Each structure stands twice: as C-alpha cells, then as structure tokens.
Amino acid sequence: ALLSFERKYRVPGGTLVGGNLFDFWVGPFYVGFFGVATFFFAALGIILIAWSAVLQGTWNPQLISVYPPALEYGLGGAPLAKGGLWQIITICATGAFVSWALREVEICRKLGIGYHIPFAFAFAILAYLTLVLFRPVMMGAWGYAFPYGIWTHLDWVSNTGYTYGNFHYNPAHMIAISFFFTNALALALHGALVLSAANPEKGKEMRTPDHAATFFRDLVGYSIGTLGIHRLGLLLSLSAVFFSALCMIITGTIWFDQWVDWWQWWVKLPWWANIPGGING
Amino acid sequence: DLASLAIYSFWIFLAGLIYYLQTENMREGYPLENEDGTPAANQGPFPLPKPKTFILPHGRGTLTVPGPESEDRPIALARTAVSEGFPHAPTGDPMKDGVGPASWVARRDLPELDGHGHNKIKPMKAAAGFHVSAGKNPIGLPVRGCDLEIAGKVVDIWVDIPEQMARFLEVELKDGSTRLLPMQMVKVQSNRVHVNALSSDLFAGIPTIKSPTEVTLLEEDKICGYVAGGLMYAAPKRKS
Amino acid sequence: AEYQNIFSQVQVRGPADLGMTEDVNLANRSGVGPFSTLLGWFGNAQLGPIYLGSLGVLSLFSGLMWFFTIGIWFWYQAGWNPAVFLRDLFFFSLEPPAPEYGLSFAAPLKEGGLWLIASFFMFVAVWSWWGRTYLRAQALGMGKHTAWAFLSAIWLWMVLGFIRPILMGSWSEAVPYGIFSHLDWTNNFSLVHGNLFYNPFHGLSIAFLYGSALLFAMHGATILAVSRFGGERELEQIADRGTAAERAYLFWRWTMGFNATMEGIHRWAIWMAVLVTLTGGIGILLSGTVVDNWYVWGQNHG
Ligand code: BCL
Ligand code: BCL
Ligand code: BCL
Ligand SMILES: CC[C@H]1c2cc3[nH]c4c(c3C)C(=O)[C@H](C(=O)OC)c4c3nc(cc4[nH]c(cc(n2)[C@@H]1C)c(C(C)=O)c4C)[C@@H](C)[C@@H]3CCC(=O)OC/C=C(\C)CCC[C@H](C)CCC[C@H](C)CCCC(C)C
Ligand SMILES: COC(C)(C)C(=O)C/C=C(\C)CC/C=C(\C)CC/C=C(\C)CCCC/C(C)=C/CC[C@H](C)CC/C=C(\C)CCC=C(C)C
Ligand SMILES: CCCCCCCCCCCC[N+](C)(C)[O-]
Ligand SMILES: CCCCCCCCCCCC[N+](C)(C)[O-]
Ligand SMILES: [Fe+3]
C-alpha cells in the first residue's frame, strides 16, 4: 500500500473543497472531493457510451462510434440517437478532465509543491475544448466537432483537413509541428544526456553534471543547464499544443478557402509581384 | 505477410520494454509497506530488478539499489482512523518535526561537489570573481514574511559555481544569526524580498548550517523542506 | 503571486568554465565565447567552448556544401534575381532524377545530378556528425545513449532518401530539397499508398510523438514543481534521494497509481522519443515495397 518513505507525507489537509470529508486514499490513489467528481463524470460517460453502442448495434471498439449532431441542428440540442448522446458525453468528458486537474491541484498542496503540472495539463484540456466547443460554436454547429470513435475520429481529421486542400499549408499548423518535432528532439537528448552521465563506460565512476555540461558544450558549443532543459521541455510541449489550438480555431472561421492560396499574400507584395521568372513568374 | 509479421513483433517488443521500464522504476521505495512498516502482502505483478551498483565520484563510495531502505529518523505521526488509507496527524509541530509538506530526507551531511571535487555551492563572498550580472541585486534588501513584517536583510547570495546559478539568499535576522532561503521560494522585488511561505516569527525556526561557507545535502533538505511546509502550516499567519 | 520559476530573477556571472578534461584533446577546443544575458534569463549564459576537430570540420564543410549546392540551384531558378529569390523561396525545389535513370548516377545537373551531389554532401555531413556524438562521449567516459538515440533519427532519414529509393529501384522515390515541395511529396506519398492513417506504424509513431509531448510536459513541470528542493539536480538525487524525488514520485503515485525513479523517468524519456522515428522508419520502409495500399492491407491484414 505505501512506499518505504510515503507515510510521513500522508498528512491531513490541502483540500480545496469539503475539508476532511474525502481527504483519504484508496490503495496508492488519492481521492479528495474531485476524486469523486471525476469518478462520477467517468462512470456516467462510459455508461452513455455503452448505451450509444446498442443504438448503433455493435459491441466492437473498432466500430463504436459516438457521433455529434448534424449540421441542421446548429447549436441547439439533438435527440439521444441523433447527437444528444454525444453532447452529454462531451459535458461528461470536460467534467472529468477539469475535475482531474483540480485533484492534481489538491495533491500539489498536500505535498507542498508547485502547480506546474495542473497548469500544463490545462493546455491539453484547452485543445480538446477548442475542437468540440470553441470552434463549433464559432462556426455555428456541434457537427463540426469530431466523433468519439477510434477510426472515425481519424476520418474526421482527414476529411476536415482536405476540406482546405493540403492542410500542411496552414501557417499555424507549420509552427505547431515544428514544436512537436523539436520537443521530441529535446526529450531524446535530455533523457540520453542524464542516463549517459549516470551510466558511464564500464568500471568508470557516475559522471557529474559538469561532464554532462561539457559533453554538450563540446558537441554544439552550448549547454542550457539542468533548470534550463526542464524549462525548455515544459515550454516546447505547451507551445506545440498552443499553436495546434490556434491553427484549428482560425480554420473555418476567419479562413475558409484553400490554405495554399493564403501564401499569395507574400508573393503579391508590390515590390517583387510583377517581376519575371522564377516559379511565380 | 511481412508487415503482419513486423507489427505483431513490435507489440511484443513493446511489452517487454514496458516491463523493463516498470521494474527499473522499482529500484526504490519497494518493497511496499503497510502503514506500520511491515512488508505489504501484495507487491504487484512485478518482481524486484537485480541490483545495480553505482560507483559515485570523489571516492564517496557506491550505491546499490534496490537495497535496504530506512527512514533513519523518528516520524511524529499518529493514525487518525482504524483502517488503512487515512491521513496521519502530526503529534507535535509539523514544521519542527519535519513531517507533511515540511518533510526532509536524511541525505548526506556532506556538500555536493563540482566535477573537480570543490563544494558545488558557495556564498558569493568566497566565490572569486562572481557578481550579479543582470536583474535586481537582492543583497541589502529587507526580507518580508507573509504577515507583511520584516524578518531581516539579505547579506549575500549563495551561488552554484558550475551553473552560475543563484540557489539561496543568505538572510540576517534581528539577533545577527543568518539563515538560508531557497531562491525558488522568494520574490525579488525593487525595494524588498518577499517570502510568501513563512511569516516573520518562523524564520528563526529555519534550520541552521554547522559551517558559514558550506551547506550539506542534509541541510539543504531540512531548509527547503521547512520553508515549503510554511505554505500549509504558516497559513493562519499569512495575509492578503 | 508565488515565483513560478520559468525565468531567473537574478543573474550572477563568474570565470568561464573551460569544462572537464578526462581523455579529451584540449588542443582541439575553442576559446570560450561571449556571455548572453538573454540566454541567461532562461538557461546558462555561457557560450562555448566548442570542440572542432577533424570530424567536426568534415561534417561542417559537407554541411555547408549541402546547404550551398541547393542555394546555387534556387538562385538559378530565380533567374539570378534577389527580388525573386525572396518572393519565390519556398516554391524552389531541387528534385531527384526522373524514374528514367533508376538508381544510376548518370542523370544530368539541371535534370537531377545536382540532387545526387547534394545528397552526397548530406550523407557525409550526418554520418560524420554521428561519429562526433559517439567520440565526444567517449572522451568524457560517458555512456553512448545520445549516439544510439541519434541513430533512431538517422534511421528514418536513411529510409526516406536512401534505403527506400534504392529498394524501389530509383532515386525519384526520394524526397526533394525544398520547403513547399517536401510537404507536397509527403501528402502525395500518403495518397499513393492508400492513406497512411491505415499504416499501423504511422499510427504508432503518432502515439509516441503525442506522448513525447505528453511526457516532456509531464517531466518538465514536475522538476520545476520540485526545484524548490533542488529537484533539477537529478544526478545527485539519483545518487542520494531527496525530498524533491519523494514528492515527485508521490505526486504521480497519488495521481495515477504508479511512478518512476529519478533515473527511471529518464528511461521513459529516451524511449518514448526514440520510438517515434523507429516505428516511423518501419512504417515508411514497408510502404510500396511490401504494401502498396494500407487501406487494402487493413481490410485483410496481409
Ligand atoms: C489531437 C489531434 C487529433 C487526433 C489525431 C490522431 C491521429 C492522427 C492519431 C491519433 C491516435 C490516437 N488518438 Mg487521437 N486525435 C485527437 C483527439 C483525441 C482524443 C481527445 C479526447 O481529444 C483522444 C483521447 C485521442 C486518443 C487517441 C488514441 C486512440 C490513439 C493514440 C494516441 C496517443 O498515443 O496519445 C499519447 C497519449 C498517451 C500514450 C497516454 C495514454 C493514452 C491512451 C492510449 C488513451 C486511449 C484512450 C482511448 C482508448 C479511449 C478511452 C475513452 C474511454 C474512457 C473508454 N485522440 C484530435 C482530433 N489521433 C493515433 C492512432 O493510432 O489511433 C487511431 C493516430 O494515428
Ligand atoms: C490529412 C491530415 C492533414 C492534417 C490535419 C489536421 C487537423 C484537421 C488537425 C491537425 C492537428 C494537428 N496536426 Mg496535422 N494534418 C496533417 C499532417 C500532420 C503531420 C504531418 C507530418 O503531415 C504532423 C506532424 C501534424 C501534426 C499536428 C499537430 C500540430 C496537431 C495534433 C496534436 C494536437 O493538436 O494536440 C492537442 C491535444 C489534444 C486534443 C489532446 C487532449 C487530451 C484530453 C485533454 C485528455 C484525454 C483524456 C482521455 C479521454 C483519457 C482516457 C482515459 C484512460 C485512463 C487513458 N499534422 C495533414 C496535412 N492536423 C489537430 C489540431 O491541431 O487540434 C487542435 C487537428 O484538429
Ligand atoms: C498528407 C500527410 C499524411 C502523412 C504522411 C507522412 C509521411 C510521408 C511521413 C509521415 C511521418 C510522420 N507523421 Mg504523418 N501524415 C499525415 C498526418 C499526420 C498527423 C495528423 C493528421 O495529425 C500527424 C500527427 C502525423 C505525424 C507524423 C510523425 C509521427 C511522423 C514523423 C515523425 C518525426 O518526428 O520525423 C521527424 C524527423 C526526421 C525526418 C528525422 C531526420 C533526422 C535528420 C538526421 C536531421 C538532419 C538535419 C540536417 C543536418 C539539417 C538540419 C539543419 C540544421 C539544424 C541547421 N502525421 C497524413 C496521413 N507522415 C513520417 C513517418 O515516419 O511515417 C510513418 C513520414 O515519413
Ligand atoms: C499539453 C501537452 C500534452 C499533454 C500534457 C499532459 N497530459 C496530461 C498531463 C499533462 C501535463 C497530466 O497531468 C495528465 C496525467 O495525469 O498524465 C499521466 C494528462 C493526461 N493526458 C492523457 C491523455 C492524453 N494527453 C494527450 C495530449 C497531451 N497531453 C499533449 C500533447 C493525448 C493526445 C491524444 O495527444 C492523450 C490521449 C491522460 C493519460 C491523462 C489525463 C487522464 C484523465 O483526464 O482522467 C480523467 C478522465 C477519465 C478517467 C476518463 C473519462 C471518460 C470520458 C468521460 C468518456 C470518454 C470520452 C472521450 C472524449 C472519447 C474519445 C475517444 C477517442 C477514440 C477519440
Ligand atoms: C544565404 O544564401 C546562400 C546563397 C549563400 C545560400 O546558400 C542559401 C541556401 C538556402 C536557400 C538553402 C535552403 C535549403 C533548404 C530549403 C533545404 C530543405 C531540405 C529539406 C526540406 C530536406 C527534407 C528531406 C531530406 C531527406 C529525407 C534527405 C535524405 C538524404 C539522404 C538519406 C542521403 C542519401 C544519399 C544519396 C542518394 C547519395 C549516396 C551516394 C553514395 C556513394 C553513398
Ligand atoms: C512508452 C510506453 C507507452 C506506449 C503507448 C502505447 C499505446 C499506443 C496505442 C496506439 C494505438 C495504435 N494502432 C497500432 C492501432 O495504431
Ligand atoms: C497502452 C494503454 C495503457 C493504458 C494503461 C491504463 C492506466 C494504467 C494505470 C495502472 C495503475 C496500476 N496499479 C493499480 C497496479 O497501481
Ligand atoms: Fe530530467
């Protein structure tokens, strides 16, 4: 049930809501008021999923699909079988997510640590809310949202993308990807650096963080340090997701033509627009 | 076909890999224990990994994990229920006792050393050639506690030499004794340094270091521990 | 508000760290560079020294030759015009030889030969630089995780412009050097193989990419959350666990039921990242060589 050093940390307090009521653990897990909230929202949203699956007439996860209301229902409420179920589920999902974040906050307090984790998580939540709430509302209907289905959500992504030609041309999407690739680069390096210092050549002593620093200064002539690469990581990852949200929120709202055509602006700047040759002349 | 082969292969690789990764993350805090310190009956689907040994620099010895784990200090906590899974209430002063968010670990009563074998962290007066290069210089500023009362004055910066990082502010209290304050728990303002975690009357409680040019892993832990604990335990003395 | 720890509040400066010496040839190290008070607010401010050396130079030289052999092609496309060059910069492309030449190196300059030269330069740049990550680590007596992790990345790049074009029978199957052109090639590559969303490796690869974001966000935030106990000093925390590690392990344990160690999470880190291009590499290598259309393959599995 406890790690050899856990007990001295399992002290009362830190709860946001409800005092000592739910201030306790279940095995390794911390409950807290929001422990309950998320359990409640999760049980519910799952039963509502099992329920859509019968209306669909399939017990196969590769087939189960919970679709949003159709483009005719606008931003009104749809019947259960015709999109209502997906709305309740979204409410439930969002409820689960937020609750899961606030529990993280409650654990943070009990342990006397920083709130950087619930904070970073909120970016993920904002991305999801962008795709099923912010965008559709701004667009004008709940069916612009993606379905809750393993493969169908992929269908939605492919179809939404192609609605604007090659989505690669979305400028914000370019920068968002750049961050995803860079973050993965930095994660591989960071992990590799620490391990190589902690696990040297055979028989040699554990390297020092001064070695790790040197190694990198030698390689590319600069070392960000141990508080630095951790600040870096948090940032790249949060940024990736921030730009992801932006590329979507603008797509279909303030730009609805082909993304590739938006680049005409650069090219149709008066100083070099009518000048011959090249590719665009 | 080949593709089918490859993907089935991969899902197998991945499983042993998630297995490898899981056991390697058990080199500490296991075996699991009941709240009374006796080994728990259920330790999970996963065995303990075979020990590994760390050869630590500056002839400071070896570390073999997993290995015999021991708190190596009395824990001033008492059960609050008759069944497992409930909080344990401090039996004294949590801050002074070092339990809850104010907890510390019985690390080494030796300072962390740089790649060369010199003390990693040094007070700036003894760190030849170091100076504040950017931002507001803290040294000389009054230190204010959450109760909005002055507790002392900043009389130096404890700097990390290999990283050239400000780790702690050395503070001078009303009686002339100093304490170390972690650099992550203080807000450097233009006309003062503000400490949200501790009220003025608790600064004296900040554990002291046995030598004025060193800090040990043990003292860092007791100090960082104590100050963080203030967030929950100083609460009744923190204002808006 | 409380200090969040993203940016340093105070910068102190001291004599420049010429770093560790171990088995390294100091004759080959540069001088230390300036200090950036900019780089200083987020990470260390110290630039250099750097280690140049036979392999550093070869790499660097080939690296510029790659970069320039493309540059000269673009300018010529531009009609040697600086106004055009800047208006049409993403539209330029240096393309592989026609399917006509297969895997022959006799294709002409304006029609593909130039692409081979560039690639040649790139091939040498990247491998030498790889050797560089292995040696630099050896000279300090460190593990070689950084070199093996990098190999993962090289795997995908190798498959993309060398191994797949060669197994298909022609250099035209390779990727062009251009901004908008390599994107097109990518979109097109999926259209031709029956939509890559149906390739189980592509899907795996995305999971690890998304995950990398997931994990680095998770790790970065945790360490900053416990830096108030010197959590960022992970190696000594490994050698002698602090209340920084215990709080880290218990946060994740109380939240999701299990946890890592200070060394462990870094193992979880290097694999989640390395699996991105490993899986990736495989997904692409099988595309067109063994499987012509993932939709069709998805319907049977074989
Ligand atoms: C954000 C970008 C796009 C999108 C584009 C894609 C693309 C492109 C791909 C996926 C893939 C996946 N997507 Mg998606 N996906 C979106 C939004 C979502 C949502 C959501 C609520 O917002 C979720 C939960 C998922 C979940 C998933 C997984 C089924 C799968 C692997 C992801 C992963 O490794 O992440 C990293 C996270 C982790 C490793 C942590 C653990 C995650 C586990 C796997 C979560 C599984 C949940 C799932 C089984 C449903 C449970 C819900 C109920 C409680 C039962 N996507 C939006 C619309 N998604 C890949 C796939 O192969 O699936 C077909 C793929 O190729
Ligand atoms: C044909 C397809 C088009 C295209 C169409 C789109 C569209 C359309 C979208 C993207 C989006 C994205 N694209 Mg694109 N894109 C293409 C090609 C690419 C390739 C490429 C190499 O070609 C790359 C690298 C990317 C990369 C990306 C990312 C920038 C982004 C997806 C991640 C994200 O948004 O996280 C966001 C993260 C989340 C939503 C996850 C939230 C998770 C929540 C908070 C919690 C999950 C809990 C879960 C239920 C737990 C289950 C319980 C269990 C216990 C686990 N695209 C092509 C050109 N792209 C998506 C985006 O930007 O969204 C905003 C999107 O909608
Ligand atoms: C229309 C587009 C198609 C599609 C077609 C492809 C193709 C084609 C490929 C990918 C690939 C990938 N796709 Mg896809 N993909 C689509 C939609 C998506 C979506 C989405 C819809 O949300 C997402 C999230 C992704 C995500 C991804 C990545 C997981 C994956 C590449 C990983 C990587 O980091 O490589 C980035 C890393 C590298 C390329 C390694 C290179 C390393 C070298 C050595 C670097 C040298 C640098 C050199 C020295 C010069 C640098 C300059 C100096 C620094 C100055 N795809 C749709 C279906 N996708 C790749 C893959 O693996 O697929 C299985 C791939 O080949
Ligand atoms: C912002 C940067 C990235 C990020 C960060 C991040 N994620 C996080 C955190 C952080 C910092 C956490 O602290 C938290 C965590 O605890 O991790 C272990 C979390 C987490 N990120 C998760 C998943 C996740 N994160 C993702 C993305 C990302 N997370 C980013 C790329 C993705 C994808 C698709 O990229 C996924 C799948 C969880 C593992 C965990 C949060 C767990 C949680 O919220 O539990 C509460 C909810 C439930 C127990 C289930 C609720 C069931 C619903 C009511 C119904 C199901 C509805 C659903 C909409 C169906 C979707 C079906 C699909 C097939 C489409
Ligand atoms: C500043 O202005 C001047 C004029 C000085 C410049 O020089 C400017 C220069 C620029 C404008 C340069 C711009 C360069 C880019 C836009 C480049 C972009 C490159 C990419 C998008 C590349 C993407 C993908 C590349 C891939 C996957 C390459 C793979 C290469 C290989 C695996 C190498 C394979 C080897 C070959 C075929 C030959 C092998 C032969 C042997 C004998 C072994
Ligand atoms: C580092 C361990 C975590 C790995 C995450 C494994 C779950 C990913 C599931 C992806 C679903 C994939 N597939 C093959 C059907 O496309
Ligand atoms: C590839 C998908 C993996 C999803 C894993 C589901 C959540 C894992 C939580 C395990 C917690 C374990 N426990 C109860 C033994 O402590
Ligand atoms: Fe780390």
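Here chain A follows Swiss-Prot for its numbers: 2-282, in order, are the residues you see.
This entry, so its header tells us, was determined using X-ray crystallography, 2.8 Å.
Backbone N, Cα and C define each Cβ position, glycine as well.
According to Swiss-Prot, the feature (7R,8Z)-bacteriochlorophyll b binding site maps to A:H154, A:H174. According to Swiss-Prot, the Fe cation binding site annotation covers A:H191, A:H231. If you look up Swiss-Prot, you'll see A:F217 marked as ubiquinone binding site. Residues or ranges marked as topological domain 'Cytoplasmic' by Swiss-Prot on the basis of experimental evidence: A:2-32, A:113-116. Under the heading topological domain 'Periplasmic', Swiss-Prot lists A:57-83, A:140-171, A:252-282, citing experimental evidence as support. The transmembrane segment annotation in Swiss-Prot covers A:33-56, A:84-112, A:117-139, A:172-199, A:226-251.
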If we skip the immediate neighbours and take only residues 6+ beyond the ends of the topological domain 'Periplasmic' (A:57-83), which ones have a Cβ under 8 Å from one of its Cβ atoms?
50, 90, 133, 137-138, 141-153
In all the protein chains shown, the tally of other Cβ atoms within 10 Å of the Cβ of A:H191 (Fe cation binding site) is 25
The answer for the topological domain 'Periplasmic' (A:252-282), taking Cβ pairs under 8 Å and residues 6+ beyond its ends, is 136, 139-140, 145, 164-172, 174
What three-state class does DSSP give A:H231 (Fe cation binding site)?
helix
Stretch in A:84-112, A:117-139, A:172-199, A:226-251 most in contact with the transmembrane segment (A:33-56), if contact is a CB pair under 8 A
A:84-112
Out of A:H154, A:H174, A:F217, point to the one nearest A:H191 (Fe cation binding site) in space (Cα versus Cα); all of them are binding-site residues in the record.
A:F217
Other parts of the chain folded back onto the transmembrane segment (A:117-139), taken as Cβ under 8 Å at six or more residues beyond its ends:
69, 76, 91, 94-95, 98-99, 101-103, 105-106, 109, 145-147, 235, 238-239, 242-243, 245-246, 249-250, 252-254
Within 10 Å of each Cβ, count the other Cβ atoms, then let me know which of the binding-site residues A:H154, A:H174, A:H231 comes out lowest.
A:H154
Mind giving me a neighbour count for the residue listed as 'ubiquinone binding site'? Other Cβ atoms within 10 Å of its Cβ, every protein chain shown.
20
Grab the same-chain neighbours of the transmembrane segment (A:84-112) for me: Cβ-Cβ under 8 Å, and only residues 6 or more beyond its ends, written as numbers and ranges.
10, 12, 14-17, 31, 33-36, 38-39, 42-43, 45-46, 49-50, 52-53, 56, 67-71, 74, 78, 118-119, 122-123, 126, 129-130, 133-134, 143-144, 146, 148-149
When the Cα of A:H231 (Fe cation binding site) is compared with the Cα of each of the binding-site residues A:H154, A:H174, A:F217, which one is closest?
A:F217
Binding-site residues among A:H154, A:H174, A:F217 whose Cβ lies under 8 Å from any chain C Cβ:
none
